[PDB]
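Comments concern the structure below.
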Amino acid sequence: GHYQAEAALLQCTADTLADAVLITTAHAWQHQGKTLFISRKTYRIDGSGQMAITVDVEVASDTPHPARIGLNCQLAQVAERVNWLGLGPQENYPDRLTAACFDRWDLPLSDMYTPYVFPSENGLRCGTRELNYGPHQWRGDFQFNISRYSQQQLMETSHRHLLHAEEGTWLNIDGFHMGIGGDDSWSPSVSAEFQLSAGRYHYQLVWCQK
Amino acid sequence: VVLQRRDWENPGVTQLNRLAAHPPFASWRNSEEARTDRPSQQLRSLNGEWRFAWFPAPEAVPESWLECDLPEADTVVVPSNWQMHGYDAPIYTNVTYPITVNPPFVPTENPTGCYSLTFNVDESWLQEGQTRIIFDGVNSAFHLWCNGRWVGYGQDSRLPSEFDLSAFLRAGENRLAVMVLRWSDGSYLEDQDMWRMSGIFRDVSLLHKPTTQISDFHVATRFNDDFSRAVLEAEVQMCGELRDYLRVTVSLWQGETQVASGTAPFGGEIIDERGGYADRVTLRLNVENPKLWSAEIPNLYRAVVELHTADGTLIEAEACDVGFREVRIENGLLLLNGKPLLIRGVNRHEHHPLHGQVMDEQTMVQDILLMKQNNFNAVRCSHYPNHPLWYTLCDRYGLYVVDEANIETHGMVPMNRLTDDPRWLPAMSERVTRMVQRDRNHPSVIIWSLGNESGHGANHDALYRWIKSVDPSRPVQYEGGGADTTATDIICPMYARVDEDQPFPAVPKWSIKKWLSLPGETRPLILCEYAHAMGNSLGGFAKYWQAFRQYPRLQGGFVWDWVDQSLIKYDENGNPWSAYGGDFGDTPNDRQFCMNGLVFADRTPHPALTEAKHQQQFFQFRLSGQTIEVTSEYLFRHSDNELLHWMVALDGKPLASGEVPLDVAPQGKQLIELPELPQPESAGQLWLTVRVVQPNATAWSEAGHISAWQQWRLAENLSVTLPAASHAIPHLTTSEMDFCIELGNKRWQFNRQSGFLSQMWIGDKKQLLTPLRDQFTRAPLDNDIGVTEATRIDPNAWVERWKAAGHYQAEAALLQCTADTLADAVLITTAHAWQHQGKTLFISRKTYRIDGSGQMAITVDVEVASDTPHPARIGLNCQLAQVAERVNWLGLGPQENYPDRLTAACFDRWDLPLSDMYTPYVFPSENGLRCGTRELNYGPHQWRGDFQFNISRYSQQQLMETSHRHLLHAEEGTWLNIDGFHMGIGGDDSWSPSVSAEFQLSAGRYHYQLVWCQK
Ligand SMILES: [Mg+2]
Ligand SMILES: [Mg+2]
Ligand SMILES: [Mg+2]
Ligand SMILES: [Mg+2]
Ligand code: NA
Ligand code: NA
Ligand code: NA
Ligand code: NA
Ligand code: NA
């Protein structure tokens, strides 16, 4: 029920600090009464206009290891360029990133999408410390992809030529992403060290306007 | 001429007037006594009180001593090492010779032990036949006198030296005088990593044989393809007058039932142009469906060899236990009875903490029982032939033995300087040939070894071939010169790693997986030494066993090693303590390197032993749905003394259990269907634990012995319940020096200068003696230290890397310390930096959230500079004021476990006395960690999260500063170390960094969280 799971709010609170506002949230993702994931977050917005997001995720040990542990949103902005400090320039995944180099990369948005004939998750870049797109900057230590196609559309579309650019830009920022495998393509081939099996996961992001 | 010839400084003279080697004799004069292995009247023990005087050199020994006892002499028990009575000091040196390397010479100051015994000999012994004296072990060389007359000389400390005393003895009182030298040319071949001792340290006995006697016998067992038929072949040699009426009968017995018998006159078949051996006979006995010998089922027969007249008058009988087994290498596999072995081996020295190198039956039996109870099936006689009883016990209890010649020249430069020199071939040949002559009839011995750490030389090749020629029934192995030379049937490296190559010049230690498949290579690989168990060690043990099970030609190995070579010393108050190298004034020395055991010298287990037991299990398990698949790794036996107990528990709370008898064929599988388990209402992780229990006692184990276990996570129900809202709100009070928080009878104090929780009160009683502070270091393990010395730094060693980076010197610098009041909580935020000479090593960022329920949530985020050596731990420590009796935790246990040594530990609710949370390693270090812990309870305190911890009366600082466990003093209160992350302990060896990459704390950024409350 990973694709069907609905978020149930457990906690949403707001606190004022000396120089910041602190928002704390907790969500349970459930299917047929079974809790798959729990996400505990803090959002800290300070006087500099920076939003620090802390994310702590529990994954039930008896659910299949999830494909990713991240956040997503559809941004209003459509910008021409994507700039990042991280692994690139090409698409790279945790079990396929040795060729990628850490540097400051700058590509047109279209280059951040890989036009596999059969559409799927694509265009991830790993080991990213800073990402810039339009007015936005995200900092941390994350994996990301950015495109005009939602994961839903990629999942529902059998041919690349049938894809249509959506309004704004879909951003996936992952603390963690499962291997892609490939030893063969007819049985599970993602090696154990690249499966998201740790049970508890932590990542943190800073979102600001730059 | 004795002091004039100096035979102890001549490698060309290894003995004078010594009788030929042979298998164990008792010269029974009754065949039934021989069959039952009862004491023989013809074999007398001289293990009594002897007279002993110590001398600084052989030249200082007075002439009168040969004739008359010295009044200055003391009365000492024999066998003994004289260092253990305090006559001089034992020396612990590893590689470096304890004497100047100047072959064949030894120091002029050569400690000399003068032993003497006055004893009765009955006239019957002297009227007829031959009376001989047997010295099973004299270290390192000796001259023998009887009633004032010179008998002979012997070298090689580890094999019996025998002399004919017939023409020296008189009826009534006789006197033996034995002059034992500590050092000899023999010492150059005795450079084993062990305590250097001396004396008559094994049994002394008198043996009476008839004039016409059995002088040798060899037993062989050969089989057809399916082992349903065997031929026992027994070659018997006689000494004395050859006669037509002489006969040999070899009879084979299973209990009181004779199963086969053969009789023949002397006279072997023609072998060359000059005929045959008139003084030899070969008997051949058919055995249908022989009961086969293995470590799994040590089936033994009794062979009785009778020398007798045609008419049936007995002259004498000898006997031995016979194990029907075939050892062979075929297609690159070592096979026992046609099946590929998996060696769960251990190296074992002959060591007792009180008696030194003197072995007794009780200690040998204790060792064998412990070995088998911990899933060992094999032992290497590191590095010399053992006390003869050892092989008998291995025959009977069932252990595979590697019998190893007393040859080690480690200290030579290069290592083969002597073993490649044909002038040392005679001394070497004797150590090999006389071992084979002694032990070749023991079924337990499956492999011959040419010695240890003596490089590879032409003498090894010659002696390899000699053994193959005289005894084709056993493979020959030898590790020297790179572990895969022409002098070994088995690739037998020491400390080769599983996946990591160590490409040393000339003698590389390849990854064991890689080694097998090198171009042209076909031999089996069995590590002669691996998993160096020095102190807190055996990290990565599971990696070896996974490889052993996956790769047919990886057939196991022998752990280094069985028992700590510590010695008991006494303090001013007469209290005993464990001593190592240097503690006897011995210099140069190699300190704690003599302690590499799975057990302490008194045979108390180190925690590592349980990891070995678990990884060496003979049953393998898989879970699929509600089905447990049990696979047997036994090669010969069915699981006829085995039941499977299963248990399902929710966070340590028992839910369901049951038992199922195991009926698994050797190499077979059994499916066990678990019944439907009722769903738990409450949240938490379900765990399934299985245990294999032996309902019946065995010769080696008690009823209810657990031989194997395994655990799995089952269904997990994550808690989604919101904790009941609190009525009260914590109150923050501020001064220039402190943030103070109060809630009811609880108070927390955060020092604003240091930025740490400095104190905590319950009621109004202080909970801390030292503040709660980050810790990134540990008191260095033996593996962290390696071979580094104060005078000679090994910059590669983990401890030296941490020291050079300033990890132990780094001081916390406060960057931020703020407090905020929330709706139902107080929030403290801190940031610290640890710096050394302007370099920031670590940054720790924390939040402490104290809510109305009294719980304190601590969130820690640590950055580690990528270019600093990876830290030993990422955690917190404090000294608690409380000393409580018990420690209760939900996590891995019950024993000490570390990230690379936790497979044997089980997740459950454990409750131990505080003392059990400390491991008394003789050399103190970080110890007692328990990993995978979700809840820890101590006095009124509870910590929850996902952490590793240790808890004791000793600070890391004291453990770090103190060299011996007996010098440790319990500090005030209790030191708690709670780690989000802890480095591996390693142990592939203990002289180079051995912690695998996956167990190094190299992630750069680390996060962990703890809740601290009162229950
Ligand atoms: Mg690279
Ligand atoms: Mg000599
Ligand atoms: Mg050595
Ligand atoms: Mg396990
Ligand atoms: Na698709
Ligand atoms: Na194997
Ligand atoms: Na050692
Ligand atoms: Na059974
Ligand atoms: Na120490």
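Chain labels follow the order of the structure tokens: the first chain is A, the next B, and so on; residue numbering restarts at 1 in every chain, and ligands are counted from 1 in their shown order.
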Check your understanding: What do you get as number ranges by chain if you pick all residues at most 10 Å from ligand 1, counting only C-alpha atoms and all ligand atoms?
Key -> A: 97-102
Those residues you just picked out, can you put them in a file as a compact mmCIF listing (two decimals), in the first residue's frame with N, CA, C and O atoms?
```txt
# COMPACT_ATOMS: atom_id res chain seq x y z
N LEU A 97 26.90 6.15 -9.12
CA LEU A 97 27.38 7.53 -8.99
C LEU A 97 28.90 7.69 -9.05
O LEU A 97 29.41 8.80 -8.85
N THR A 98 29.62 6.61 -9.34
CA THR A 98 31.09 6.68 -9.32
C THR A 98 31.65 7.59 -10.41
O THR A 98 32.68 8.23 -10.21
N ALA A 99 30.97 7.64 -11.56
CA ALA A 99 31.39 8.49 -12.68
C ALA A 99 31.13 9.98 -12.42
O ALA A 99 31.81 10.84 -12.99
N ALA A 100 30.13 10.27 -11.59
CA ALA A 100 29.75 11.64 -11.25
C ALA A 100 30.85 12.32 -10.44
O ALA A 100 31.51 11.68 -9.61
N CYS A 101 31.05 13.61 -10.69
CA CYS A 101 32.04 14.38 -9.96
C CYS A 101 31.36 15.43 -9.11
O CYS A 101 30.36 16.02 -9.52
N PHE A 102 31.91 15.66 -7.92
CA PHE A 102 31.44 16.73 -7.06
C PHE A 102 32.00 18.04 -7.59
O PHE A 102 33.21 18.20 -7.70
```
Could you please extract the residues within 9 Å of ligand 9, counting only C-alpha atoms and all ligand atoms, and hand them back as a compact mmCIF listing (two decimals) with N, CA and C atoms, in the first residue's frame?
```txt
# COMPACT_ATOMS: atom_id res chain seq x y z
N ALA B 779 39.03 4.36 25.55
CA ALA B 779 40.25 3.76 26.07
C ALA B 779 40.66 2.68 25.07
N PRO B 780 41.84 2.84 24.44
CA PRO B 780 42.23 2.03 23.27
C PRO B 780 42.26 0.52 23.52
N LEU B 781 41.63 -0.21 22.61
CA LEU B 781 41.67 -1.67 22.61
C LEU B 781 43.05 -2.11 22.18
N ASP B 782 43.39 -3.37 22.45
CA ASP B 782 44.64 -3.92 21.96
C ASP B 782 44.74 -3.76 20.45
N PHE B 923 44.56 -6.59 30.27
CA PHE B 923 44.92 -5.24 29.85
C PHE B 923 43.62 -4.46 29.66
N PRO B 924 43.36 -3.46 30.53
CA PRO B 924 42.10 -2.71 30.50
C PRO B 924 41.93 -1.86 29.25
N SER B 925 40.70 -1.79 28.76
CA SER B 925 40.35 -0.99 27.59
C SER B 925 38.86 -0.72 27.63
N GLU B 926 38.36 0.03 26.65
CA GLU B 926 36.93 0.06 26.36
C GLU B 926 36.39 -1.37 26.40
N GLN B 957 39.09 7.26 31.09
CA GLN B 957 40.41 7.76 31.48
C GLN B 957 41.19 6.76 32.32
N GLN B 958 40.55 6.17 33.34
CA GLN B 958 41.24 5.20 34.19
C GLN B 958 41.60 3.94 33.41
N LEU B 959 40.66 3.46 32.59
CA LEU B 959 40.92 2.30 31.73
C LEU B 959 42.10 2.57 30.80
N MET B 960 42.15 3.78 30.27
CA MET B 960 43.22 4.24 29.39
C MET B 960 44.60 4.30 30.07
N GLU B 961 44.61 4.70 31.34
CA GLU B 961 45.85 4.96 32.08
C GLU B 961 46.41 3.74 32.81
N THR B 962 45.56 2.76 33.08
CA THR B 962 45.94 1.60 33.86
C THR B 962 46.28 0.42 32.95
N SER B 963 47.40 -0.24 33.23
CA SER B 963 47.92 -1.31 32.36
C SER B 963 47.48 -2.71 32.78
N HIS B 964 47.03 -2.86 34.02
CA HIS B 964 46.59 -4.15 34.55
C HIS B 964 45.27 -3.99 35.27
N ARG B 965 44.37 -4.96 35.07
CA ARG B 965 43.05 -4.94 35.69
C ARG B 965 43.07 -4.89 37.23
```
Contacts of chain B with chain A up to 6 Å, shortest pair per row, only C-alpha atoms, as JSON lines:
```
{"residue": "B:715", "atom": "CA", "partner": "A:62", "partner_atom": "CA", "distance": 5.5}
{"residue": "B:716", "atom": "CA", "partner": "A:60", "partner_atom": "CA", "distance": 6.0}
{"residue": "B:820", "atom": "CA", "partner": "A:17", "partner_atom": "CA", "distance": 5.8}
{"residue": "B:822", "atom": "CA", "partner": "A:15", "partner_atom": "CA", "distance": 5.8}
```
Written selection (N, CA, C and O atoms) as a PDB file, in the first residue's frame:
```
ATOM      1  N   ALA B 715       6.528  -9.234  12.626  1.00  0.00           N
ATOM      2  CA  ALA B 715       5.717  -8.023  12.460  1.00  0.00           C
ATOM      3  C   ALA B 715       6.128  -6.927  13.442  1.00  0.00           C
ATOM      4  O   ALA B 715       6.440  -7.206  14.600  1.00  0.00           O
ATOM      5  N   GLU B 716       6.154  -5.686  12.962  1.00  0.00           N
ATOM      6  CA  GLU B 716       6.359  -4.524  13.825  1.00  0.00           C
ATOM      7  C   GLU B 716       5.128  -3.629  13.780  1.00  0.00           C
ATOM      8  O   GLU B 716       4.606  -3.325  12.704  1.00  0.00           O
ATOM      9  N   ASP B 820      14.813  28.580  25.595  1.00  0.00           N
ATOM     10  CA  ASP B 820      13.524  29.113  25.165  1.00  0.00           C
ATOM     11  C   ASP B 820      12.409  28.402  25.911  1.00  0.00           C
ATOM     12  O   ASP B 820      12.491  27.197  26.139  1.00  0.00           O
ATOM     13  N   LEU B 822       8.635  27.106  25.694  1.00  0.00           N
ATOM     14  CA  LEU B 822       7.584  26.743  24.753  1.00  0.00           C
ATOM     15  C   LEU B 822       6.267  26.627  25.516  1.00  0.00           C
ATOM     16  O   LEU B 822       6.217  26.927  26.712  1.00  0.00           O
TER      17      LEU B 822
END
```
Taking only C-alpha atoms and all ligand atoms into account, which residues have an atom no farther than 10 Å from ligand 7? I'd like them as a ChimeraX atom specification.
/B:92-95,192-195,532-534,560-561,564-565,590-597,990
Closest of A:189, A:195, A:151, A:128 to ligand 5, counting only C-alpha atoms and all ligand atoms, is A:151
